[PDB]
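Visitor: Sharing data-v2.tsv below, TSV, C-alpha atoms and all ligand atoms:
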```tsv
chain	number	residue	atom	x	y	z
A	1	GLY	CA	214.55	15.44	177.50
A	2	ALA	CA	211.21	17.37	177.35
A	3	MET	CA	207.88	15.77	178.39
A	4	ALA	CA	206.06	14.18	175.48
A	5	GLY	CA	202.27	13.80	175.94
A	6	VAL	CA	198.97	13.69	174.01
A	7	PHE	CA	195.94	15.93	174.60
A	8	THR	CA	192.74	14.27	173.23
A	9	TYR	CA	189.64	16.25	172.36
A	10	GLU	CA	186.63	14.55	170.85
A	11	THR	CA	183.48	16.18	169.34
A	12	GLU	CA	180.38	15.07	167.38
A	13	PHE	CA	177.52	16.30	165.22
A	14	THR	CA	174.69	14.66	163.22
A	15	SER	CA	173.75	14.62	159.54
A	16	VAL	CA	170.58	13.49	157.66
A	17	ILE	CA	172.95	11.97	155.06
A	18	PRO	CA	173.86	8.33	155.87
A	19	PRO	CA	177.54	7.24	156.16
A	20	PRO	CA	178.23	5.68	152.65
A	21	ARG	CA	177.32	8.85	150.64
A	22	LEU	CA	178.80	11.21	153.28
A	23	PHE	CA	182.13	9.29	153.42
A	24	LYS	CA	182.39	9.09	149.60
A	25	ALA	CA	181.68	12.86	149.06
A	26	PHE	CA	182.86	14.71	152.24
A	27	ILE	CA	185.84	12.44	152.97
A	28	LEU	CA	187.05	10.54	149.84
A	29	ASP	CA	186.21	13.35	147.37
A	30	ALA	CA	187.21	16.31	149.65
A	31	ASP	CA	190.03	17.45	147.25
A	32	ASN	CA	187.59	17.86	144.33
A	33	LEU	CA	184.27	18.67	146.11
A	34	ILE	CA	185.17	21.41	148.59
A	35	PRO	CA	187.19	23.79	146.18
A	36	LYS	CA	184.30	23.35	143.59
A	37	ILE	CA	181.43	24.25	146.05
A	38	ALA	CA	183.30	26.44	148.60
A	39	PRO	CA	186.16	28.32	146.78
A	40	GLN	CA	186.42	30.88	149.68
A	41	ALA	CA	187.19	27.99	152.10
A	42	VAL	CA	189.51	25.98	149.81
A	43	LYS	CA	191.36	27.19	146.73
A	44	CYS	CA	192.76	23.71	145.93
A	45	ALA	CA	194.12	20.46	147.29
A	46	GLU	CA	197.32	18.98	145.81
A	47	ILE	CA	198.75	15.51	146.37
A	48	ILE	CA	202.53	16.01	147.01
A	49	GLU	CA	203.41	12.27	147.50
A	50	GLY	CA	201.30	9.03	147.30
A	51	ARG	CA	198.11	7.99	145.38
A	52	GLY	CA	195.35	8.77	147.94
A	53	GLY	CA	195.93	5.87	150.39
A	54	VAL	CA	197.97	5.54	153.65
A	55	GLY	CA	201.23	7.54	153.60
A	56	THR	CA	199.85	10.11	151.05
A	57	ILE	CA	201.09	13.69	151.75
A	58	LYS	CA	198.79	16.47	150.58
A	59	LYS	CA	198.78	20.31	150.77
A	60	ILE	CA	195.48	22.16	151.06
A	61	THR	CA	195.59	25.82	150.07
A	62	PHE	CA	192.81	27.93	151.62
A	63	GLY	CA	190.75	30.65	149.95
A	64	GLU	CA	190.20	34.33	150.97
A	65	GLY	CA	188.30	33.10	154.08
A	66	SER	CA	191.56	31.80	155.62
A	67	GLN	CA	193.89	34.48	154.01
A	68	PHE	CA	195.18	31.99	151.37
A	69	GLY	CA	197.02	30.09	154.11
A	70	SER	CA	197.63	26.32	153.88
A	71	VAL	CA	197.91	22.97	155.78
A	72	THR	CA	199.94	19.84	155.07
A	73	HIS	CA	198.31	16.50	155.96
A	74	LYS	CA	199.69	12.92	155.96
A	75	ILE	CA	197.09	10.13	155.60
A	76	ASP	CA	197.52	7.76	158.61
A	77	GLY	CA	194.66	5.38	157.76
A	78	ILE	CA	191.51	4.78	155.70
A	79	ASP	CA	188.84	2.18	156.48
A	80	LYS	CA	186.18	2.55	153.77
A	81	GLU	CA	183.90	-0.26	155.15
A	82	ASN	CA	183.81	1.28	158.73
A	83	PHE	CA	183.87	4.96	157.42
A	84	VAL	CA	187.09	5.86	159.31
A	85	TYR	CA	189.68	8.34	158.03
A	86	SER	CA	192.84	9.20	160.06
A	87	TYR	CA	195.40	11.88	159.09
A	88	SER	CA	198.09	14.01	160.75
A	89	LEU	CA	198.81	17.78	160.48
A	90	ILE	CA	202.51	17.87	159.52
A	91	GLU	CA	202.63	21.63	158.49
A	92	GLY	CA	200.20	24.30	159.65
A	93	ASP	CA	199.49	27.37	161.82
A	94	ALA	CA	198.20	25.10	164.66
A	95	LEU	CA	201.76	23.62	165.12
A	96	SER	CA	204.46	25.22	167.38
A	97	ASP	CA	207.48	24.37	169.66
A	98	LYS	CA	204.78	23.19	172.13
A	99	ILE	CA	202.60	21.29	169.53
A	100	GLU	CA	204.69	19.31	167.05
A	101	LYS	CA	201.82	17.26	165.48
A	102	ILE	CA	198.04	16.89	165.58
A	103	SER	CA	196.55	13.51	164.58
A	104	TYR	CA	192.92	13.50	163.68
A	105	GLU	CA	190.36	10.80	163.24
A	106	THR	CA	186.98	11.32	161.54
A	107	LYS	CA	184.57	8.38	162.02
A	108	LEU	CA	181.06	8.18	160.58
A	109	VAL	CA	178.58	6.22	162.70
A	110	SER	CA	175.14	5.25	161.47
A	111	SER	CA	171.93	5.93	163.41
A	112	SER	CA	168.59	3.99	163.25
A	113	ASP	CA	166.79	7.18	161.94
A	114	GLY	CA	168.84	6.79	158.68
A	115	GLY	CA	171.46	9.48	159.40
A	116	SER	CA	175.06	9.89	160.51
A	117	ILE	CA	176.98	10.87	163.61
A	118	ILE	CA	180.25	12.58	162.62
A	119	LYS	CA	182.81	11.87	165.40
A	120	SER	CA	185.99	13.99	165.32
A	121	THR	CA	188.99	13.24	167.53
A	122	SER	CA	192.01	15.59	167.71
A	123	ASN	CA	195.15	14.28	169.35
A	124	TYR	CA	197.69	17.01	170.12
A	125	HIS	CA	201.28	15.71	170.46
A	126	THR	CA	202.71	18.02	173.16
A	127	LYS	CA	206.30	18.92	174.19
A	128	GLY	CA	207.12	20.33	177.63
A	129	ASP	CA	204.49	22.27	179.64
A	130	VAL	CA	200.99	21.84	178.24
A	131	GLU	CA	199.18	25.17	177.48
A	132	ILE	CA	196.07	24.42	175.37
A	133	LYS	CA	193.40	27.13	175.11
A	134	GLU	CA	189.72	26.13	174.84
A	135	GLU	CA	189.12	29.20	172.55
A	136	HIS	CA	191.94	27.99	170.19
A	137	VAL	CA	190.42	24.43	170.05
A	138	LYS	CA	186.72	25.52	169.75
A	139	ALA	CA	187.62	27.85	166.77
A	140	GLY	CA	188.96	24.73	165.01
A	141	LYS	CA	185.70	22.83	165.82
A	142	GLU	CA	183.53	25.79	164.59
A	143	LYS	CA	185.67	25.89	161.38
A	144	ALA	CA	185.01	22.15	160.51
A	145	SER	CA	181.28	22.59	161.49
A	146	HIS	CA	180.31	25.59	159.17
A	147	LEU	CA	182.13	23.93	156.24
A	148	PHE	CA	180.28	20.57	156.71
A	149	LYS	CA	176.95	22.47	156.45
A	150	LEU	CA	177.97	23.74	152.95
A	151	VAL	CA	178.73	20.11	151.90
A	152	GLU	CA	175.50	18.78	153.45
A	153	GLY	CA	173.43	21.48	151.67
A	154	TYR	CA	175.10	20.67	148.31
A	155	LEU	CA	174.54	16.86	148.64
A	156	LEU	CA	170.81	17.51	149.43
A	157	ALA	CA	170.55	19.84	146.42
A	158	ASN	CA	172.36	17.26	144.15
A	159	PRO	CA	170.91	13.82	145.09
A	160	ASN	CA	172.30	11.96	141.99
A	161	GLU	CA	175.90	12.65	143.08
A	162	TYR	CA	177.96	10.13	145.06
A	163	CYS	CA	175.53	7.14	144.81
B	201	CL	CL	186.60	29.70	163.40
```
Let me see the structure of the file written as structure tokens.
Guide:
Amino acid sequence: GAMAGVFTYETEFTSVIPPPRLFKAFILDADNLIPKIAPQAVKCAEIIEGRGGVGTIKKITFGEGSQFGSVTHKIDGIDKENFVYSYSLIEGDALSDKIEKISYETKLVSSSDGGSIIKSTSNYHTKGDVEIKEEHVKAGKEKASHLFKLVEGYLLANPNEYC
């Protein structure tokens, strides 16, 4: 029986937008917001099974920017009051014989200056010898980063939304 392990990588950035508005727009309204403002990034998001809570299975189809590829996510948890959203990658290019699943956690933390700290944890569920490239991981972190800036810009330009 092959070695089962977990490789954990955590990363953070800041936003001028405080957690309640950021969690409502960027996290809870991702399916509707991102295809609408960034069609090149996301073509659409479709719920396959569930209502939007824990256990929900959803397929995200990318735009031209990611060669109309796609990812399938399972929602592992949602804590609206603490701004925590957990989900697993259950179908995607990042999975292999070596990486069977990636569980992510996005947590919004408030700061005293009125902003947010966006804390992203990636947990890679490994099988056998572990061979994880820093370039492969950091391209995934850059990806999430440049997209967030499009969301942040839009929310600043449309202050009446997600209040
Ligand atoms: Cl990238």
Visitor: What does the distance between CA of residue 145 in chain A and CA of residue 45 in chain A come to in Å, to one decimal place?
Guide: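 CA of residue 45 in chain A lies at a distance of 19.3 Å from CA of residue 145 in chain A.
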Visitor: When you draw a straight line from CA of residue 15 in chain A to CA of residue 123 in chain A, how long is it in Å?
Guide: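 Separation between CA of residue 15 in chain A and CA of residue 123 in chain A: 23.5 Å.
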Visitor: May I have the residues within 12 Å of range 106-111 of chain A as a PyMOL selection string, using only C-alpha atoms and disregarding those fewer than 6 positions away in the same chain?
Guide: chain A and resi 10-24+26-28+75-88+117-123+144
Visitor: Just want the residues within 9 Å of ligand CL 201 (chain B), written as an MDAnalysis selection string, counting all atoms listed in the file.
Guide: chainID A and resid 136 138:144 146
Visitor: Any chance you can output those residues with C-alpha atoms as a CSV table (one decimal), in the coordinates of the input?
Guide:
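Final output, saved to result-v6.csv:
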```csv
chain,number,residue,atom,x,y,z
A,136,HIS,CA,191.9,28.0,170.2
A,138,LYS,CA,186.7,25.5,169.8
A,139,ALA,CA,187.6,27.8,166.8
A,140,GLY,CA,189.0,24.7,165.0
A,141,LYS,CA,185.7,22.8,165.8
A,142,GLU,CA,183.5,25.8,164.6
A,143,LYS,CA,185.7,25.9,161.4
A,144,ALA,CA,185.0,22.2,160.5
A,146,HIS,CA,180.3,25.6,159.2
```
Visitor: Find the distance between CA of residue 72 in chain A and CA of residue 4 in chain A and write it in Å to one decimal.
Guide: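 Between CA of residue 72 in chain A and CA of residue 4 in chain A the gap is 22.0 Å.
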Visitor: Excluding residue 94 in chain A and its own-chain neighbours fewer than 6 positions away, which residues fall within 10 Å of it when counting all atoms listed in the file? Please give them as JSON, numbers by chain.
Guide: {"A": [71, 100, 101, 102, 124, 136, 137, 140]}
Visitor: Neighbouring residues of residue 35 in chain A were defined as those with any atom within 12 Å, considering all atoms listed in the file; residues of the same chain fewer than 4 positions away were excluded. Please report them as a PDB file with C-alpha atoms, in the coordinates of the input.
Guide:
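Saved the output as around33.pdb:
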```pdb
ATOM      1  CA  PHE A  26     182.860  14.710 152.240  1.00  0.00           C
ATOM      2  CA  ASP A  29     186.210  13.350 147.370  1.00  0.00           C
ATOM      3  CA  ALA A  30     187.210  16.310 149.650  1.00  0.00           C
ATOM      4  CA  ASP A  31     190.030  17.450 147.250  1.00  0.00           C
ATOM      5  CA  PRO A  39     186.160  28.320 146.780  1.00  0.00           C
ATOM      6  CA  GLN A  40     186.420  30.880 149.680  1.00  0.00           C
ATOM      7  CA  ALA A  41     187.190  27.990 152.100  1.00  0.00           C
ATOM      8  CA  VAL A  42     189.510  25.980 149.810  1.00  0.00           C
ATOM      9  CA  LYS A  43     191.360  27.190 146.730  1.00  0.00           C
ATOM     10  CA  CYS A  44     192.760  23.710 145.930  1.00  0.00           C
ATOM     11  CA  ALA A  45     194.120  20.460 147.290  1.00  0.00           C
ATOM     12  CA  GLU A  46     197.320  18.980 145.810  1.00  0.00           C
ATOM     13  CA  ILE A  60     195.480  22.160 151.060  1.00  0.00           C
ATOM     14  CA  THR A  61     195.590  25.820 150.070  1.00  0.00           C
ATOM     15  CA  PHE A  62     192.810  27.930 151.620  1.00  0.00           C
ATOM     16  CA  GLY A  63     190.750  30.650 149.950  1.00  0.00           C
ATOM     17  CA  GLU A  64     190.200  34.330 150.970  1.00  0.00           C
ATOM     18  CA  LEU A 147     182.130  23.930 156.240  1.00  0.00           C
ATOM     19  CA  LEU A 150     177.970  23.740 152.950  1.00  0.00           C
ATOM     20  CA  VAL A 151     178.730  20.110 151.900  1.00  0.00           C
TER      21      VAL A 151
END
```
Visitor: Name the residues in contact with residue 97 in chain A at a cut-off of 12 Å, using all atoms listed in the file, excluding same-chain residues fewer than 2 positions from it; report them as a PyMOL selection string.
Guide: chain A and resi 2+4+93-95+99-101+125-131
Visitor: Grab all the atoms of range 1-8 of chain A that the file lists, wrap them in a box along x, y and z, add 4 Å per side, and give me centre plus edge lengths in Å (one decimal) as JSON.
Guide:
```
{"center_x": 203.6, "center_y": 15.5, "center_z": 175.8, "size_x": 29.8, "size_y": 11.7, "size_z": 13.2}
```
Visitor: Smallest atom-to-atom distance to residue 34 in chain A: which of A:105, A:134, A:49, A:152, using all atoms listed in the file?
Guide: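 For residue 34 in chain A, the nearest of the given residues is A:152.
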Visitor: Could you complete range 111-125 of chain A so that it carries N, CA, C and O atoms, and give it back as an mmCIF file, keeping the file's coordinate frame?
Guide:
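The result, stored in out20.cif:
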```cif
data_model
loop_
_atom_site.group_PDB
_atom_site.id
_atom_site.type_symbol
_atom_site.label_atom_id
_atom_site.label_comp_id
_atom_site.auth_asym_id
_atom_site.auth_seq_id
_atom_site.Cartn_x
_atom_site.Cartn_y
_atom_site.Cartn_z
ATOM 1 N N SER A 111 173.021 5.882 162.440
ATOM 2 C CA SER A 111 171.930 5.930 163.410
ATOM 3 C C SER A 111 170.721 5.205 162.817
ATOM 4 O O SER A 111 170.632 5.082 161.590
ATOM 5 N N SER A 112 169.808 4.714 163.676
ATOM 6 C CA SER A 112 168.590 3.990 163.250
ATOM 7 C C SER A 112 167.557 4.892 162.503
ATOM 8 O O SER A 112 166.692 4.371 161.812
ATOM 9 N N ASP A 113 167.677 6.222 162.618
ATOM 10 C CA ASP A 113 166.790 7.180 161.940
ATOM 11 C C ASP A 113 167.226 7.436 160.471
ATOM 12 O O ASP A 113 166.633 8.273 159.790
ATOM 13 N N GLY A 114 168.255 6.707 160.022
ATOM 14 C CA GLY A 114 168.840 6.790 158.680
ATOM 15 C C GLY A 114 169.970 7.800 158.495
ATOM 16 O O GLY A 114 170.436 7.991 157.376
ATOM 17 N N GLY A 115 170.434 8.447 159.557
ATOM 18 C CA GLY A 115 171.460 9.480 159.400
ATOM 19 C C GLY A 115 172.855 9.103 159.839
ATOM 20 O O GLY A 115 173.192 7.924 159.961
ATOM 21 N N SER A 116 173.685 10.122 160.060
ATOM 22 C CA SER A 116 175.060 9.890 160.510
ATOM 23 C C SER A 116 175.404 10.670 161.762
ATOM 24 O O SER A 116 174.941 11.795 161.949
ATOM 25 N N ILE A 117 176.338 10.131 162.530
ATOM 26 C CA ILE A 117 176.980 10.870 163.610
ATOM 27 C C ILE A 117 178.422 11.029 163.122
ATOM 28 O O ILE A 117 179.064 10.046 162.745
ATOM 29 N N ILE A 118 178.890 12.266 163.056
ATOM 30 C CA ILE A 118 180.250 12.580 162.620
ATOM 31 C C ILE A 118 181.085 12.816 163.861
ATOM 32 O O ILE A 118 180.912 13.844 164.499
ATOM 33 N N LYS A 119 181.956 11.850 164.215
ATOM 34 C CA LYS A 119 182.810 11.870 165.400
ATOM 35 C C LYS A 119 184.221 12.246 165.035
ATOM 36 O O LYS A 119 184.898 11.516 164.292
ATOM 37 N N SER A 120 184.665 13.400 165.554
ATOM 38 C CA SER A 120 185.990 13.990 165.320
ATOM 39 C C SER A 120 186.824 13.966 166.560
ATOM 40 O O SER A 120 186.421 14.497 167.590
ATOM 41 N N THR A 121 187.998 13.336 166.463
ATOM 42 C CA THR A 121 188.990 13.240 167.530
ATOM 43 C C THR A 121 190.216 13.990 167.077
ATOM 44 O O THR A 121 190.614 13.858 165.927
ATOM 45 N N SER A 122 190.783 14.815 167.960
ATOM 46 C CA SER A 122 192.010 15.590 167.710
ATOM 47 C C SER A 122 192.995 15.170 168.779
ATOM 48 O O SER A 122 192.680 15.229 169.974
ATOM 49 N N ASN A 123 194.158 14.711 168.372
ATOM 50 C CA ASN A 123 195.150 14.280 169.350
ATOM 51 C C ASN A 123 196.337 15.199 169.210
ATOM 52 O O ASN A 123 197.023 15.146 168.194
ATOM 53 N N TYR A 124 196.546 16.077 170.182
ATOM 54 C CA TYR A 124 197.690 17.010 170.120
ATOM 55 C C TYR A 124 198.930 16.390 170.742
ATOM 56 O O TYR A 124 198.911 16.054 171.921
ATOM 57 N N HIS A 125 200.009 16.249 169.961
ATOM 58 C CA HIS A 125 201.280 15.710 170.460
ATOM 59 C C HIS A 125 202.090 16.871 171.029
ATOM 60 O O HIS A 125 202.584 17.721 170.282
#
```
